[PDB]
Student: 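Please find one structure pasted underneath; my questions will follow.
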There are 2 protein chains.
Amino acid sequence: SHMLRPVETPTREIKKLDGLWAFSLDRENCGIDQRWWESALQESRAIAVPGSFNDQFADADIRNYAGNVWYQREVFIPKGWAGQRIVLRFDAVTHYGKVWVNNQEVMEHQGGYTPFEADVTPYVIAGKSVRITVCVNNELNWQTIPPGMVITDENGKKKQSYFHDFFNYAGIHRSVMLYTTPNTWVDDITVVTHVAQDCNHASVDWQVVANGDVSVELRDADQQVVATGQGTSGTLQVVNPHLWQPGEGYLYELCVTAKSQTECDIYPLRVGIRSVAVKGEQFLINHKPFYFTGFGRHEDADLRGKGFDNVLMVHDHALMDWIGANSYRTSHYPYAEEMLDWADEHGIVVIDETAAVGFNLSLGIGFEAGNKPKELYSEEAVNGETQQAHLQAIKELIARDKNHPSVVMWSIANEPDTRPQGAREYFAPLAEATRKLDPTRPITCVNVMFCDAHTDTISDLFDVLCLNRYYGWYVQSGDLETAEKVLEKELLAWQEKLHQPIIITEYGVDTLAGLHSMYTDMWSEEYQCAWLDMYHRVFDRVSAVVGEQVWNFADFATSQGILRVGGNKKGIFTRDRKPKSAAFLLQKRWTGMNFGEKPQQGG
Amino acid sequence: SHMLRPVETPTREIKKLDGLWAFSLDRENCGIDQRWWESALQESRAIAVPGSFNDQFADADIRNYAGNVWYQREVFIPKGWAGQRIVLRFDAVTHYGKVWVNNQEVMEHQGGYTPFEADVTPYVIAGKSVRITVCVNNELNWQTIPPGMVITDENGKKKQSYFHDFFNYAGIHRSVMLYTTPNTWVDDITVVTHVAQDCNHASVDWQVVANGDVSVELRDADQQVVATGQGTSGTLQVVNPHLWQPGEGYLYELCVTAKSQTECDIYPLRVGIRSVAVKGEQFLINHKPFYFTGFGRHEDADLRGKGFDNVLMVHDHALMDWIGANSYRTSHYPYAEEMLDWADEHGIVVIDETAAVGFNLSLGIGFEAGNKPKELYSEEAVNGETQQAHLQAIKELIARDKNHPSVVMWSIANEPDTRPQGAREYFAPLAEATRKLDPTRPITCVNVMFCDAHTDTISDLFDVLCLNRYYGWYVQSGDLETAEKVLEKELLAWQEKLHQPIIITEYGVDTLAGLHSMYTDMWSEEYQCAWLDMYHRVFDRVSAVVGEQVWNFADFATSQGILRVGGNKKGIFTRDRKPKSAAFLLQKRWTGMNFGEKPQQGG
Ligand SMILES: COc1cccc(NC(=S)N(CCO)Cc2cc3cc(C)c(C)cc3[nH]c2=O)c1
Ligand SMILES: COc1cccc(NC(=S)N(CCO)Cc2cc3cc(C)c(C)cc3[nH]c2=O)c1
């Protein structure tokens with residue numbers, strides 16, 4: 001369906017993020033049968049929203065729980081909301097939600113990183129209290145967007161396994177809200193900026209609408225009406241403009257009016273005049289040779305999970321700004337939109353990514369019981385549904401982020417195994433369909449190191465080359481000397497194979513803060529520094545390398561294992577954001593360069 | 001040959017483990033070509049002996065060197081040593097060592113952990129100064145104990161790889177010494193102590209002499225002559241005795257005299273009167289069921305590597321005494337004899353082990369594909385020669401340690417892969433040889449967990465079942481509930497399969513000192529505590545379990561990889577001997593039991 005980011009004019013919101021809700025586990029899965037949502041959850045306790053449920057209670061049994069949990073809370077609908085449109089919206093519900101307003105089932109959602117909403121006017125009465133009950137599921141299976149497998153034990157209980165690193169946080173991770181609309185209402189919008197050698201340029205509106213006529217007006221930074229359009233379906237305004245750029249990120253505001261003889265609906269959609277596409281081995285934003293810096297990130301932090309948080313947000317960006325990141329990627333799931341609004345506002349370049357992670361079964365590291373399906377693409381394991389579920393996941397992200405100028409690229413998935421058979425048959429359609437959803441931006445699929453330049457059957461189908469590489473770490477462990485060869489050899493081997501522009505979307509080594517070594521070896525701070533030094537030395541000797549993003553901005557939490565010391569320790573910063581000695585090395589390189597500019601194959 | 005430990009009676013040492021020697025690498029392998037023993041080493045820096053060489057200089061390139069190194073040093077023969085048998089002895093040179101006295105090659109030994117000595121009188125002049133060059137080699141191959149594979153890259157640069165955890169430290173790890181005897185001298189002794197429901201018994205004695213009549217007397221603790229003996233290679237002495245006992249290890253002293261017509265020799269051998277035997281599922285010391293507590297340990301510490309050190313020894317023994325440990329295993333190689341004299345004197349029970357770890361090609365870390373012989377027991381890999389070099393390692397160990405009453409059993413190997421056929425072919429004759437070499441102690445071979453009760457092909461050939469188990473950590477990771485079911489089922493399978501006594505000789509988890517967690521998950525101090533505790537509950541349920549040796553006394557250096565965060569962290573103590581909180585857990589369990597005695601299945 002249609003997603004529009006709420007803002008506040010002929011519409012206003014009660015955020016329900018007001019944190020404390022009633023909470024409970026349903027270890028018997030008797031909750032739907034016993035119709036829990038008709039009265040107050042019993043045996044509950046306070047929980048905060050937004051945040052993951054897992055770590056709020058310091059309890060392993062809750063942390064590793066799998067199945068359904070219940071959220072409940074009450075809330076007076078504002079008196080002024082008349083006969084108006086009342087709309088309940090969740091920015092995310094991690095993995096799956098079902099919603100009961102008093103007794104009315106109003107909503108259902110699968111996907112954990114994108115919004116869903118419903119018109120609730122008929123079971124609500126403005127000026128009165130209404131119960132809100134949410135049922136939340138955190139289970140993953142094969143047609144799910146990260147896939148996974150729930151093993152039920154003989155003894156009654158579930159237990160989740162899956163194929164990615166990062167830990168399976170679940171819950172209401174983002175803002176909920178009740179919001180208000182006129183019965184005339186904008187409900188969809190799309191916008192495209194074309195650029196021309198940097199002198200002048202044009203933007204297209206298209207806009208689905210609740211019944212009404214659209215006056216479309218584009219405003220200055222200073223609110224001077226410099227673009228006007230008529231029509232409820234389409235326009236193009238060719239004004240000679242001020243562009244969205246990386247150092248600075250200028251933005252226009254396109255108000256959107258939908259009219260009836262009774263009503264009016266007014267919408268400001270921030271807009272960045274920017275063009276994105278690839279030319280040969282170059283990446284082009286406003287027809288310029290960019291160079292990417294920054295990291296893969298996660299939504300992870302002590303206590304809250306992947307739960308959204310303003311302070312955290314403000315601090316991390318301060319940190320990225322300081323250290324010279326111009327860009328980052330939404331590692332392995334759609335992030336809360338606020339990050340993107342900030343990126344636009346601040347001109348930060350974003351490779352936007354779907355939750356399609358862990359399609360891979362070789363990854364890995366198993367001393368344990370094998371199964372585990374034999375064929376990756378099978379009706380058993382990655383199947384028809386799964387391509388369809390996956391398709392739907394790509395719609396939504398694009399539905400949400402097409403209008404965010406900061407997004408210069410889409411990412412279809414991260415590290416799928418492309419050595420098994422259906423791997424090109426699975427990936428070709430979605431690659432086509434992606435561009436049929438948005439042809440304004442290039443599209444990639446992020447590449448695991450064992451589908452290497454001679455074995456990977458999928459890369460031509462995409463526009464840019466996104467590599468995750470560990471050459472001294474998982475292989476050649478500890479050996480910078482031979483690691484540098486393999487890496488360059490393999491970067492050159494990609495350059496000729498595909499003659500595409502190359503970005504390393506993951507390069508990094510586990511490092512324990514405070515571990516220091518005169519022998520400069522694995523897990524030491526010094527080693528991280530030497531290893532990043534080297535990867536760097538090597539992108540300076542390759543023309544096709546136009547992007548660099550460090551494995552992890554900060555240490556995050558993982559599934560429990562032998563290869564993870566209390567989590568992934570590959571952060572430049574610790575989880576509480578204290579900088580490892582490598583923050584200061586990246587500091588120099590990233591602020592020493594010219595903005596958006598590769599070195600002189602040296603410096 | 002014959003090995004007796006030098007002491008000071010007619011006999012006299014000049015230590016010369018005075019440790020400042022000259023030192024250098026040989027990178028182009030010129031050393032034997034250019035007869036370096038002939039002239040004082042060039043480009044030679046000072047190094048401490050005893051010590052491992054790898055860590056004294058804070059240089060990665062020296063630390064990771066593979067090849068040949070040289071130790072050189074001048075000494076003074078005491079003028080007093082006039083008519084004298086002058087012997088040059090090395091307590092260990094790690095892996096192989098070749099020795100020159102001033103352009104006269106006197107020795108060569110392969111093995112890194114037991115002594116070799118030469119009668120050098122004719123190449124030295126009492127009261128003059130000599131130059132001593134040692135060429136030490138640290139490489140491993142399929143015939144070395146332990147085995148390994150040096151890999152030479154395309155450049156001729158050698159790189160050692162091996163199949164055990166701990167770091168290949170090399171160098172002169174133990175004292176060197178010149179020592180003296182008369183030309184009539186005892187050069188081998190053997191003692192067997194017998195006992196019968198404990199009121200009084202005998203000690204058979206076998207004595208090999210260099211040119212003399214032998215006589216023999218048994219002196220008391222307070223030095224009074226409790227019995228007497230005459231004859232050369234045969235005697236037996238009877239006694240009403242204070243047995244050597246795990247708590248306290250009472251010691252008589254046997255006094256050996258070799259008499260010529262002219263010359264005289266005197267050798268004191270400490271004797272502990274005690275019997276050791278398996279009876280069914282029990283391990284009997286002086287006819288009483290005993291229960292082992294304590295550690296597998298390593299020879300490792302900062303800076304010195306495996307270099308022996310007195311302060312370190314006294315400190316670790318205060319720690320083990322404090323914590324309630326009554327025993328250990330010389331994990332992985334023979335330890336400094338000093339370690340066994342200590343045991344003898346304080347009544348510590350020891351499991352003495354060869355350096356034959358690494359027989360297995362199946363404990364790989366992941367995914368560096370290559371490449372290792374596909375058949376473990378094959379002419380390419382573990383072959384007739386290997387079995388010889390292994391038999392030799394057994395001989396040398398027993399020759400050294402046979403009179404140590406603290407040694408109660410011999411372990412022949414640690415974690416060989418016993419699945420491949422011919423495992424049994426390879427070990428049966430070693431088992432047999434070992435018993436013949438010393439008929440007085442039970443024998444074992446430490447068992448790796450993926451050779452399990454149903455797959456192992458070797459354990460019926462040995463007397464005591466020693467198991468290295470990691471359920472909850474390498475397998476069932478993090479899951480105590482299910483680790484515990486699997487541990488118990490497996491221990492019961494072994495009891496029913498073999499009806500031998502079971503000692504768990506490794507159980508432990510990596511624990512980063514200072515990582516604390518409410519979730520009690522994998523790398524935290526709390527997990528280390530809960531995991532050992534679960535293991536303990538199960539041991540107390542299984543009647544064949546007769547001992548527990550926690551895997552690591554202290555953290556230790558390993559080769560680099562993704563599984564070892566700067567070493568093995570299964571320490572109870574850190575490498576600098578600081579206690580982790582599991583230290584106090586073990587302390588309570590071990591000092592709270594009745595000494596030497598299995599709990600009652602209960603707290
Ligand atoms: C199931 O969730 C988990 C749990 C714990 C660790 C991981 N690891 C992950 S995601 N990575 C991918 C790094 O971008 C490490 C990894 C690399 C790797 C490389 C090669 C060349 C091979 C042959 C096998 C490999 N196996 C691996 O595991 C995943
Ligand atoms: C630095 O030296 C290195 C280098 C690389 C790896 C290691 N790992 C080591 S020593 N172990 C200790 C085993 O007692 C972990 C281990 C457990 C294991 C368990 C099962 C059940 C199976 C089937 C396979 C397994 N493989 C393993 O490797 C050590």
Side-chain angles (χ1 to χ4, degrees), chain A residues 478 512 515-519 521-524 562 565, chain B residues 50-56 63-64 92 94 112-113 138 146 148 160 162-171 173-174 294-309 311-313 315-317 319-320 323 325 328-336 339 353 355 357-358 363 414-415 446 468 470 473-474 505-514 523 525 528 532 549-580 582-583 586:
Chain A
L512 267 193
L515 212 207
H516 288 288
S517 187
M518 292 292 284
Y519 310 99
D521 44 354
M522 294 175 76
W523 306 85
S524 76
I562 316 161
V565 189
Chain B
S52 285
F53 72 79
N54 316 245
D55 286 9
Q56 327 194 185
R63 188 161 189 269
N64 293 131
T94 294
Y113 304 98
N138 71 343
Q160 185 79 54
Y162 42 109
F163 320 119
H164 53 268
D165 229 348
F166 56 101
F167 188 77
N168 196 39
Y169 272 115
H173 286 153
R174 295 179 200 154
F295 293 114
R297 310 187 27 106
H298 262 307
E299 275 181 335
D300 159 286
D302 292 310
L303 318 179
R304 61 187 12 87
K306 322 187 77 61
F308 177 74
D309 184 87
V311 159
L312 183 69
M313 184 176 167
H315 191 282
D316 296 345
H317 280 278
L319 288 180
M320 303 195 43
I323 209 170
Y328 63 106
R329 174 168 52 116
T330 67
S331 358
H332 315 162
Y333 36 85
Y335 288 14
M339 210 78 86
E353 175 167 296
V357 53
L363 309 163
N414 175 80
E415 292 185 352
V446 188
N468 292 359
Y470 290 105
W473 194 256
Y474 279 121
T505 42
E506 285 183 26
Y507 65 121
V509 297
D510 299 69
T511 307
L512 267 209
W523 296 61
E525 289 199 33
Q528 186 182 42
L532 292 160
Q549 300 185 334
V550 165
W551 179 234
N552 225 98
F553 171 75
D555 300 339
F556 56 88
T558 66
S559 54
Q560 332 188 24
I562 72 201
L563 305 170
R564 306 274 90 112
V565 186
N568 186 127
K569 292 292 193 279
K570 293 196 189 52
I572 297 290
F573 301 84
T574 50
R575 198 179 198 209
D576 60 9
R577 320 281 123 160
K578 284 158 183 163
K580 291 180 210 188
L586 294 174

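Computation of the quantities below employed the complete heavy-atom set of this structure, encompassing side-chain atoms and omitting hydrogens, waters and symmetry-equivalent molecules. Every chain is numbered from 1 and lettered A, B, ... according to where its sequence line falls, protein lines coming before strand lines.
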Student: Which heavy atom of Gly148(B) sits nearest to which heavy atom of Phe163(B), and what is that distance?
Tutor: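 In this case the closest contact between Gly148(B) and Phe163(B) is CA-CE1, 4.0 Å.
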
Student: Between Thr511(B) and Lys569(B), does a side chain to side chain contact (heavy atoms under 4.5 Å, CB included) hold up when you go through it step by step?
Tutor: CA-CA 6 Å; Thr511(B) 307; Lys569(B) 292 292 193 279; 5.7 Å; no

Student: Do any N or O atoms from the side chain of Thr330(B) and from the backbone of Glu353(B) form a donor-acceptor pair under 3.5 angstrom?
Tutor: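 Checking the backbone N and O of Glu353(B) against the side chain of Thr330(B), a donor-acceptor pair under 3.5 Å is found.
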
Student: Could you give the distance from CG (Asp165(B)) to CG (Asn568(B)), rounded to the nearest 0.5 Å?
Tutor: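 Rounded to the nearest 0.5 Å, the CG-CG separation comes out at 5.0 Å.
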
Student: Between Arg329(B) and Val446(B), is any pair of side-chain heavy atoms under 4.5 Å apart?
Tutor: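 Result yes, sub-4.5 Å side-chain heavy-atom pair found.
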
Student: Do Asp309(B) and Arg304(B) meet the salt-bridge criterion of a basic N to acidic O distance under 4.0 Å?
Tutor: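 The answer is yes: the pair qualifies as a salt bridge.
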
Student: I'd like to know if the side chain of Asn468(B) reaches the main chain of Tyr507(B), judged simply by a donor and an acceptor atom lying under 3.5 Å from each other, with no hydrogens or angles considered.
Tutor: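 Side chain of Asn468(B) to backbone of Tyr507(B): no pair is present.
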
Student: Under a 4.0 Å threshold between the charged nitrogen and the carboxylate oxygen, would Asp521(A) count as salt-bridged to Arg564(B)?
Tutor: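 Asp521(A) and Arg564(B): not salt-bridged.
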
Student: Do the side chains of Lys580(B) and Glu525(B) get close enough for a salt bridge, i.e. N-O under 4.0 angstrom?
Tutor: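 Salt bridge between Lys580(B) and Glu525(B), a charged N being under 4.0 Å from a carboxylate O: no.
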
Student: Is the gap between the ring centers of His298(B) and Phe553(B) under 6.0 Å?
Tutor: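 When the ring centroids of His298(B) and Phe553(B) are compared, they turn out to be at least 6.0 Å apart.
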
Student: Does NZ or CZ of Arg174(B) fall inside the cone over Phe308(B)'s six-membered ring, less than 6.0 Å from its centre and within 45° of the axis?
Tutor: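 The answer is no, since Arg174(B) fails at least one limit relative to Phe308(B).
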
Student: Is the ring centre of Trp551(B) less than 6.0 Å from the ring centre of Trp473(B)?
Tutor: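 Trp551(B) vs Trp473(B): aromatic centres not under 6.0 Å.
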
Student: If we ignore hydrogens and angles and just use 3.5 Å, is the side chain of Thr94(B) paired with the main-chain N or O of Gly112(B) as donor and acceptor?
Tutor: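 Side chain of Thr94(B) to backbone of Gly112(B): a pair is present.
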
Student: Kindly give the heavy-atom pair with the smallest separation between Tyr113(B) and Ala355(B), and that separation in Å.
Tutor: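 That would be CD1-CB, 3.9 Å.
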
Student: Check for me whether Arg297(B) meets the cation-pi criterion with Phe556(B), that is, NZ or CZ under 6.0 Å from the six-membered ring centre and within 45 degrees of the ring axis.
Tutor: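 No.
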
Student: How long is the straight-line distance from CZ of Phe295(B) back to OG1 of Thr505(B), given to the nearest 0.5 Å?
Tutor: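 Those atoms lie 14.5 Å apart.
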
Student: Side chain to side chain contact (heavy atoms under 4.5 Å, CB included), that's the test. Do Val357(B) and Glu415(B) meet it? Break it down for me.
Tutor: CA-CA 6 Å; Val357(B) 53; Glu415(B) 292 185 352; 5.6 Å; no

Student: Heavy-atom distance under 4.5 Å between the side chains of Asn64(B) and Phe167(B), does that happen here?
Tutor: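 Counting from C-beta outward, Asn64(B) and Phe167(B) do come under 4.5 Å.
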
Student: Testing the basics here: between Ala301(B) and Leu312(B), what is the closest heavy-atom pair and its distance to 0.1 Å?
Tutor: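 Taking every non-hydrogen atom into account, CB-CD2, 3.7 Å.
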
Student: I'd like to know whether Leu586(B) forms a side chain to side chain contact (heavy atoms under 4.5 Å, CB included) with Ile572(B), so could you lay out the CA-CA distance, the side-chain angles of the two residues, the decisive distance to 0.1 Å, and finally the verdict.
Tutor: CA-CA 9 Å; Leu586(B) 294 174; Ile572(B) 297 290; 3.3 Å; yes

Student: Under the 3.5 angstrom rule, does the side chain of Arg577(B) hit a backbone N or O of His315(B) as a donor-acceptor pair?
Tutor: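 A pair under 3.5 Å: no.
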
Student: Check whether any side-chain heavy atom of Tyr519(A) sits under 4.5 Å from a side-chain heavy atom of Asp55(B), and report yes or no.
Tutor: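 The answer is yes, as the side chains (C-beta and beyond) meet within the 4.5 Å cut-off.
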
Student: Testing the basics here: between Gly478(A) and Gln560(B), what is the closest heavy-atom pair and its distance to 0.1 Å?
Tutor: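 Taking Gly478(A) first and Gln560(B) second, the nearest heavy atoms are CA-OE1, 3.9 Å.
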
Student: Whether the side chain of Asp555(B) engages the backbone of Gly571(B) through a donor-acceptor N/O pair (distance < 3.5 Å, no angle test) should be reported.
Tutor: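 The answer is yes, because a donor-acceptor pair under 3.5 Å joins these two groups.
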
Student: Decide side chain to side chain contact (heavy atoms under 4.5 Å, CB included) for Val550(B) and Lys570(B); before the verdict, give the C-alpha distance in whole Å, the side-chain angles of both, and the deciding distance to 0.1 Å.
Tutor: CA-CA 9 Å; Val550(B) 165; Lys570(B) 293 196 189 52; over 6 Å; no

Student: Consider only side-chain N and O atoms of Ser331(B) and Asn414(B), and report whether a donor and an acceptor are under 3.5 Å apart.
Tutor: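 There is no such pair between these side chains.
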
Student: Please answer whether the main-chain N or O of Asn54(B) pairs with a side-chain N or O of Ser52(B) as donor and acceptor at a distance below 3.5 Å.
Tutor: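 The answer is no, because no donor-acceptor pair under 3.5 Å joins these two groups.
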
Student: Indicate yes or no for a side-chain donor-acceptor contact from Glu299(B) to the backbone of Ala336(B) under 3.5 Å, with no hydrogens or angles considered.
Tutor: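 Judged by distance alone, yes, a pair lies under 3.5 Å.
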
Student: Measuring centre to centre across the rings, with the benzene-like ring taken for any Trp, is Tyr333(B) within less than 6.0 Å of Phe166(B)?
Tutor: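 Ring centres of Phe166(B) and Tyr333(B) closer than 6.0 Å.
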
Student: With rounding to the nearest 0.5 Å, note down the distance linking CE in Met522(A) to CG in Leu515(A).
Tutor: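 Reported to 0.5 Å precision, the distance equals 12.0 Å.
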
Student: Closest approach of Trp523(A) and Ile562(B), non-hydrogen atoms and distance?
Tutor: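 Reported closest heavy-atom pair: CZ2-O, 3.5 Å.
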
Student: Would you please classify the geometry between the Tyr162(B) ring and the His164(B) ring as parallel, tilted or perpendicular, with 30° and 60° separating the classes?
Tutor: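 Taking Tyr162(B) first and then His164(B), their aromatic rings sit tilted (interplane angle of 30° to 60°).
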
Student: Which pair of heavy atoms, one from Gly296(B) and one from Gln549(B), lies closest together, and at what distance?
Tutor: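 Looking at all heavy atoms of both residues, the shortest contact is N-CB, 4.1 Å.
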
Student: Using a strict threshold of under 4.0 Å (side-chain N to carboxylate O), is an ion pair present between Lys306(B) and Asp300(B)?
Tutor: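 Salt bridge: no.
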
